[PDB]
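Close look at the chain arrangement
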Protein chains: 2
Amino acid sequence: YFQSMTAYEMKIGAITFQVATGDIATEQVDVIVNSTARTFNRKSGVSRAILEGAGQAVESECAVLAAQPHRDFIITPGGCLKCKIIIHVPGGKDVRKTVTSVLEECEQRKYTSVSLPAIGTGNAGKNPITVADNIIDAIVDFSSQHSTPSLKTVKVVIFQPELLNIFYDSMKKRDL
Amino acid sequence: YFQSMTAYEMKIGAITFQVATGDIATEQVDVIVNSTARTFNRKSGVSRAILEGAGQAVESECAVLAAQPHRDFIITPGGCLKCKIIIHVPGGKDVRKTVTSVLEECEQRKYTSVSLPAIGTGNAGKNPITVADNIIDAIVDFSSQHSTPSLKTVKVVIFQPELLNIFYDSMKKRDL
Ligand SMILES: Nc1ncnc2c1ncn2[C@@H]1O[C@H](COP(=O)(O)OP(=O)(O)OC[C@H]2O[C@H](O)[C@H](O)[C@@H]2O)[C@@H](O)[C@H]1O
Ligand SMILES: Nc1ncnc2c1ncn2[C@@H]1O[C@H](COP(=O)(O)OP(=O)(O)OC[C@H]2O[C@H](O)[C@H](O)[C@@H]2O)[C@@H](O)[C@H]1O
């Protein structure tokens, strides 16, 4: 027997923003985000959960894309994950900028749902208050620039339950 | 354009407890709760939304059941609502007791989901802090008495957004 918060949701313009405890590998959405090394050669923390669930093909696709010229992120299909593409981002880079780019990729490909982890709050060592604020900053910016987007649902999947209430505190500063 | 909290969720034992802004008439669950007069002869506030959406048949069923002997509540089918039964409860009675009975009816009929309004916080004039606490008290009691229930999902649908954060405050006192 146990008692604890598991999810918070808010509406920001046309966008539903969700923060919930989970394993992002179980997600059934258009786009899943992987937070990884600059070189895309990591299989530990959230990258382990994603690369193992996605399968070997995705993993080999990553090694190809990594050794040829690329944006800050690379994109692969989902493999055995119940998603269409995976966007692999470096967890050490500016999170607001990373999430703004993720959201813009989603929109331009006409995807409707994206789930991401708490980027940078594991091995990257970034301060989790700042990371929640940055992710929220990026969603508010995107929403304020798009009054009728295809991307309607953004979720942060939280693995460390301790971060759930950090994310709530940052959400609540926006609430009316 | 606008920004606001819309949903909170927690786990209490085997039960998922959800509080979200909404019109309970749109709910697609096993059991919907109607908060009404002792005589079950009300069509105003949440009863209006429910009786209009359910249809005339449900409404006439209610008048029959009301004029013959009954428990504190009566039960009808859902009509045109996307639910199997409606449990009509008096919003002026002890809320903890009312919700304990609702939950016990759900379990014994092997239903899996129930949605209810903020019982008593409209025309009944009950204090909404106390009502949230009472509803939560009842869920914790039921959960602590049932380690493997059929009833797995309980939702409070909130129409007055102001009550959303009252419900959160009562939930957060249980969180670990
Ligand atoms: N299954 C999971 N589902 C969702 N989130 C998870 C899961 N597993 C762990 N997390 C959370 O995922 C969050 C991120 O933890 P990490 O996987 O270390 O990624 P990073 O972005 O910090 O660092 C990645 C690289 O980036 C930098 O360049 C550094 O060099 C790093 O090597 C944590 O909250 C985990 O608890
Ligand atoms: N569509 C809706 N969906 C969900 N909740 C709603 C909706 N519409 C209103 N509400 C909320 O429903 C909540 C309850 O408002 P009321 O329908 O007045 O029911 P009561 O239980 O207070 O009083 C019912 C009788 O009981 C006593 O005996 C008294 O005699 C009353 O006459 C409020 O928060 C509404 O905003």
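Regarding how it was determined, this PDB entry cites X-ray crystallography in its header, along with a resolution of 2.20 Å.

1. Describing the overall build of chain A
Counting its regular elements, chain A contains five helices and seven strands. Helices (α) and strands (β) of chain A occur, in sequence order from the N terminus, as β-β-β-α-α-β-β-α-β-α-β-α. Over its C-alpha atoms chain A spans a radius of gyration of 15 Å, differing by no more than 12% from the 16 Å that the globule rule assigns to 176 residues. Within chain A, the proportion of its 176 residues that are buried is 51%. Summarising the internal contacts of chain A: among those between residues at least 6 apart in sequence, 72% fall at separations of at least 24. Accessible surface, chain A as shown: approximately 8,100 Å² in total, 51% of it carbon and sulfur. On chain A, the mean spot of the 19 positive side-chain charges and the mean spot of the 18 negative ones are 2 Å from each other.

2. Considerations on the site of ligand 2
Residues and elements named next belong to chain B. As a structural note, the neighbourhood of ligand 2 is formed by 23 residues, with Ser35, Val46, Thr121, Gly122 and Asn123 the closest of them. Residue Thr36 places a main-chain N or O atom 3.0 Å away from an oxygen atom belonging to ligand 2. Starting from 710 Å² of accessible surface for ligand 2 in isolation, the protein chains cover 89%. Counting only elements with at least two residues in the shell around ligand 2, the list comes to β3 (31–36) and α1 (46–54).

3. Digging into the site of ligand 1
Residues and elements named next belong to chain A. Near ligand 1, the surroundings consist of 23 residues, among which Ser35, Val46, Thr121, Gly122 and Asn123 are the closest. Here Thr121 contributes a side-chain N or O atom positioned 2.8 Å from an oxygen atom of ligand 1. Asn123 places a side-chain nitrogen or oxygen 2.7 Å from an oxygen atom of ligand 1. Contact with the protein chains hides 89% of the accessible area of ligand 1, taken as 710 Å² for the molecule alone. When contributions to the shell around ligand 1 are tallied by element, the ones reaching two or more residues are β3 (31–36) and α1 (46–54). A per-class count over the shell around ligand 1 returns eight nonpolar, 12 polar and three charged.

4. Let's talk about the interface of chain A and chain B
In this complex, chain A contributes 22 residues to the contact, which on the side of chain B involves 22 residues. Buried surface at the junction of chain A and chain B, both sides included, amounts to about 2,100 Å², of which 53% is carbon and sulfur. A per-residue breakdown of the area chain A buries against chain B is headed by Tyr1, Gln3 and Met5 of chain A, which together make up 28% of the total. Where chain A touches chain B, the interface holds zero salt bridges. At the boundary of chain A with chain B, the tally comes to 12 residue pairs in polar contact. Mapped by element, the contributors of at least two residues to the side of chain A that touches chain B are β1 (3–12), α4 (128–145) and α5 (162–172) of chain A.

5. Notes on the side chain of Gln3 of chain B
By the element assignment, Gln3 of chain B lies in strand β1 (residues 3–12). Within the local environment of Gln3 of chain B, its side chain forms a polar contact with the side chain of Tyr1 of chain B, the two groups lying 2.7 Å apart. Filtering out sequence-adjacent residues up to four positions away, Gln3 of chain B remains in contact with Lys11, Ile12, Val140, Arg174, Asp175 and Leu176 of chain A.

6. Some points on a positive patch on the surface
All names here are of chain A. A cluster of basic residues, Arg38, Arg71, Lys93, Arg96 and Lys97, forms a positive patch at the surface. Considering the arrangement of structural elements, one finds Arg38 in the loop between β3 and α1. Using a relative accessible area of 47% as the deciding quantity, one classes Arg38 as partly exposed.

What counts and how
Residues numbered from 1 in each chain as written, not as in the entry; some residues may be left out. Chains lettered and ligands numbered in written order. Heavy atoms only, no water. Helix = DSSP H or I, 4+ residues; strand = E, 2+ residues; numbered from the N terminus. Rg over C-alpha atoms; globule rule 2.2 N^0.38 Å. Buried < 20%, exposed > 50% of the residue type's maximum accessible area, 1.4 Å probe, protein only. Contact = heavy atoms within 4.5 Å. Areas by Shrake-Rupley, 256 points an atom, 1.4 Å probe, with all protein chains shown as cover. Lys, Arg positive; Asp, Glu negative; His and termini not counted. Charge placed at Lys NZ, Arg CZ, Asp CG, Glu CD. Near = heavy atom within 4 Å. Polar contact = N/O pair within 3.5 Å; in protein donor to acceptor, adjacent residues only side chain to side chain. Nonpolar A, V, L, I, M, F, W, Y, C, P; charged D, E, K, R; others polar. Buried area = accessible area lost by both parts, 1.4 Å probe. Salt bridge = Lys/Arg side-chain N within 4 Å of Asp/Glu carboxyl O. Patch = residues over 30% accessible without salt bridge, like charges linked within 9 Å, V, L, I, M, F, W, Y side chains within 5 Å.

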